[PDB]
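Heads up, the thing below is written out as structure tokens.
All values below were derived from every heavy atom in this structure, side-chain atoms included, with hydrogens, water molecules and symmetry-related copies excluded. Reminder, nothing fancy here: chain letters follow the sequence lines and each chain counts from 1.
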Amino acid sequence: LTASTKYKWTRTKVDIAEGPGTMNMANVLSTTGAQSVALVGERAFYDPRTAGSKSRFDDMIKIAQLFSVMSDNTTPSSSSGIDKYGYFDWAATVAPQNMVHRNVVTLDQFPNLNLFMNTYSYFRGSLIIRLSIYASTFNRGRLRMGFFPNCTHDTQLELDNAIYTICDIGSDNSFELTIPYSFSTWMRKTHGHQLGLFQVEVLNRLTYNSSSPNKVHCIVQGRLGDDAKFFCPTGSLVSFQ
Amino acid sequence: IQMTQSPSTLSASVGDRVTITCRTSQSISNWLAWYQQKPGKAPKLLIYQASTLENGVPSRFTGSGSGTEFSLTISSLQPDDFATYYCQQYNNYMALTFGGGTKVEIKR
Amino acid sequence: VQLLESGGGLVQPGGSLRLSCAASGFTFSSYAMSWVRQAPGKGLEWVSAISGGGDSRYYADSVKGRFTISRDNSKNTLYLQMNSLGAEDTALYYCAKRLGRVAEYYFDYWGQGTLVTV
Amino acid sequence: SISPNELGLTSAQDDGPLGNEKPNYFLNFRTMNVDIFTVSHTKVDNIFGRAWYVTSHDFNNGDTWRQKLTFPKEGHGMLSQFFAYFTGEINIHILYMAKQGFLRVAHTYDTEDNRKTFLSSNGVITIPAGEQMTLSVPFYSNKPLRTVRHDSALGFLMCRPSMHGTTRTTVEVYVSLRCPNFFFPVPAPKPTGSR
Amino acid sequence: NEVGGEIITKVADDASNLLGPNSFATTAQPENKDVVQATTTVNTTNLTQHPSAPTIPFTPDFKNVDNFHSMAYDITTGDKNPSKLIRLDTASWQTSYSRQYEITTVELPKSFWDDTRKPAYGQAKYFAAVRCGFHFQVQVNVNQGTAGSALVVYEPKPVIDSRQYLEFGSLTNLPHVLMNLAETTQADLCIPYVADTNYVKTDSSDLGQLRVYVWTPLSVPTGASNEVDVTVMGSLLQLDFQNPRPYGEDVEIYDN
RNA sequence: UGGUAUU
């Protein structure tokens with residue numbers, strides 16, 4: 001019978017949820033929908049070849065996976081490596097079972113991961129410490145870098161129960177030590193408890209002859225693994241220049 | 001930014017070719033202008049846009065240059081070309097500035 | 001075309017006078033005006049410029065946050081409310097008019113100036 | 001098979017193309033990869049989708065405010081400092097705090113500060129007094145890439161209020177980038193202080 | 001009239017006897033027709049409105065290739081000679097230099113044609129703009145029994161500007177070759193065109209620089225070399241000069 | 001075509 005002659009046609013009425021005109025700028029899906037001030041609402045064609053690339057950088061975790069020197073310095077450690085600087089030297093007068101380096105590894109010592117500890121609140125992932133010994137071809141030593149995870153007891157500890165790697169200097173001079181993700185929760189704080197106690201003991205002293213140095217330089221540099229994740233963006237604790 | 005002129009005092013005889021140079025720190029793309037100011041009188045626009053001539057300005061005056069090195073040239077001095085010459089500039093920032101001035105005076 | 005500034009005088013340091021510049025002989029509101037000053041026997045510092053509508057004012061860093069160039073198109077008068085004067089504000093103040101067809105500021109006509117002594 | 005290079009015996013000079021890394025194996029552990037959220041928080045689109053405070057400005061008169069926008073060196077925005085270049089849209093979030101009036105926002109990448117005289121033609125958004133608005137700015141720059149370190153990397157922002165009297169009004173700006181294209185990684189900046 | 005000749009001929013063939021026509025005529029367009037010639041080479045048009053017929057020698061051969069190969073190089077030599085391997089710089093590395101000392105620094109576009117000795121100098125004078133990809137070989141030779149390493153980094157133009165504010169530990173975020181001198185004596189490093197504009201000015205350092213830093217100081221034993229040279233060789237992978245300019249003129253191809 | 005919101 002009657003159709004739209006039964007009721008007076010009216011335009012749809014909707015209810016408006018709480019806080020109309022509230023700006024949510026914490027959610028990416030709230031800000032991708034923003035109204036454009038572009039003339040026709042159009043987009044530009046980007047040029048990546050001008051930056052010498054074939055594509056844009058699409059994940060930040062790839063920069064956490066680049067090595068960066070643990071506390072760089074311009075001079076080798078003068079505390080006998082019992083300081084944060086990951087640029088110590090290994091003399092030939094250091095007898096076995098004496099540390100040439102030892103520090104409680106924090107995440108902000110690496111300059112790449114110093115920006116993710118000031119951007120993200122939590123993280124999870126393995127840490128790859130690399131120790132590059134810059135010795136000559138006639139030197140022959142043996143270091144044993146170990147890592148006690150979540151250990152902040154900064155004193156000389158035997159590394160027999162550690163997660164160590166025995167490094168033999170030769171023609172491959174960079175020795176990686178993978179430390180798995182070890183913590184009591186699913187994601188640890190980036191600026192909380194320290195990662196662990198790294199120590200580099202001499203296992204067999206550094207030998208030399210008259211045609212080679214009796215003291216070689218080492219550079220500790222680390223990154224996160226390929227299982228690295230950073231969670232929950234948060235404010236910075238220090239500004240950058 | 002600040003632009004410095006090159007001679008601050010020129011002394012030349014009536015009939016000589018004088019050159020005042022103005023040199024800016026960063027490029028302004030022909031956006032210079034030259035003034036003549038007789039002592040005790042207000043400035044008069046000579047050359048706008050680095051080389052164009054304002055109406056009723058003699059053809060003795062001829063500005064040139066672009067970028068960071070502009071120069072006003074008077075082909076032959078006459079006795080009324082002894083004045084101070086400033087180079088005002090225009091730039092993107094709207095930080096209009098003038099040169100130090102270049103007194104052109106009689107060579108006795 | 002003739003600009004005539006007025007309002008110069010003597011004020012004590014930290015004073016506050018306001019120069020005027022009644023203009024005639026051209027359609028005032030279609031040109032930007034500026035106030036370029038000349039300290040005794042030296043330079044030509046540009047103090048500030050105001051666009052034709054008065055919808056944009058530019059100040060030199062030296063006088064920024066002190067002076068306030070205004071204009072009242074109705075009665076063809078350009079103003080320069082100068083506050084907190086120093087002894088670096090002792091200058092002859094010329095009221096320049098912006099040039100014609102150009103996309104840059106060049107000063108066409110100028111006033112005869114009004115001295116300000118601090 | 002597992003070679004000794006995958007047990008952590010490498011030479012740093014034998015790192016071939018940049019960003020090419022492999023995981024190492026120990027007897028009792030290898031890379032795990034555990035997702036504890038349904039989306040990644042390190043995806044480039046996602047991380048810069050969240051806004052960050054830029055500046056605040058008190059309008060004591062009707063004059064246009066030109067503010068050069070750039071990448072921050074604090075907040076979560078500072079991860080852009082790991083790149084040299086940038087191409088993309090940027091969102092500007094303006095909180096206009098006024099009792100009456102409107103604020104005319106417009107964005108340009110044009111360095112000439114005399115194109116804001118007639119502000120209307122740069123694309124104006126009028127924000128009612130006491131409201132806030134997110135506007136997405138397109139990539140209208142002459143350079144095909146913006147340098148991140150430049151002071152006007154993200155262009156300029158012009159805000160001209162429609163003042164009621166001389167009653168001051170404030171405005172906080174927050175920027176965020178929708179779909180940013182970042183290129184060419186560069187060194188981390190050192191924290192403030194240092195030297 | 002083009003039928004003028006052919007009316008005289010018809011008349012003369014209607015008057016012909018057994019000795020044939022006594023007249024013949026033909027009408028035609030002149031041998032100096034009104035035509036316009038236009039010739040174009042590179043950045044050049046030549047509009048002529050009164051051309052003459054062009055002439056060439058007797059039975060000419062315009063292939064310019066020598067069949068006896070008296071210069072027995074490829075004919076592409078001389079067009080690929082502005083992109084050969086040249087010595088860009090050379091420095092010395094004292095044994096007293098510390099751990100972040102900057103040995104060399106090569107201003108990348110302009111150092112390939114900064115001096116007459118560089119074979120790309122001649123072509124670089126006629127063009128204002130360039131776009132190019134480099135190949136660097138940085139060579140450091142030390143004797144066996146000397147330690148120390150170097151970091152060969154390619155810093156692009158934004159990194160040059162802000163270098164003082166960056167961490168040296170993360171300097172390996174750039175295309176680098178961290179070279180242990182006890183092993184390698186050469187770090188190859190191919191770099192493409194990296195800039196914020198499509199073309200850079202020829203006479204500029206606007207594709208950054210290629211610095212060589214001391215990663216770890218030389219650990220020389222007594223009675224061994226103290227100085228060690230660090231040579232930087234470069235070669236252009238591709239070269240693409242574009243904006244014609246007056247010889248060696250400083251033409252700005254940027255907006256301020 | 002009350003298609004008497006539009007179609």
Subject >> Any pair counted as ring pair (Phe, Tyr, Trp, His ring centres under 6.0 Å), so long as it reaches residues 97-137 of chain D, sequence neighbours left out >> reply: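 Found D:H107-D:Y109, D:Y109-D:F139.
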Subject >> RNA chain F contacts among residues 2-10 of chain A, heavy-atom distance under 4.0 Å >> reply: A:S4, A:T5, A:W9
Subject >> E:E252: partners by side chain to side chain contact (heavy atoms under 4.5 Å, CB included), with sequence neighbours left out >> reply: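 Checked E:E252 against side chain to side chain contact (heavy atoms under 4.5 Å, CB included); matches are B:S27, E:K201, E:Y254, E:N256.
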Subject >> disulfide bond (SG atoms under 2.5 Å apart) against C:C21, all qualifying residues, sequence neighbours excluded >> reply: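 Disulfide bond (SG atoms under 2.5 Å apart) list for C:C21, sorted by chain: C:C95.
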Please set out all donor-acceptor pairs under 3.5 angstrom arising from side-chain atoms of residues 79-87 of chain D, sequence neighbours excluded.
residue, atom, partner, partner atom, Å
D:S80, OG, D:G77, O, 2.8
D:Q81, OE1, D:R149, NH1, 3.3
D:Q81, NE2, D:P72, O, 3.2

Ignoring hydrogens and angles, write down the donor-acceptor pairs under 3.5 Å from the side chains of residues 4-27 of chain A, residues two or more places apart or on other chains.
residue, atom, partner, partner atom, Å
A:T5, OG1, A:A3, N, 3.3
A:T22, OG1, A:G19, O, 2.9
A:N24, OD1, A:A26, N, 3.3

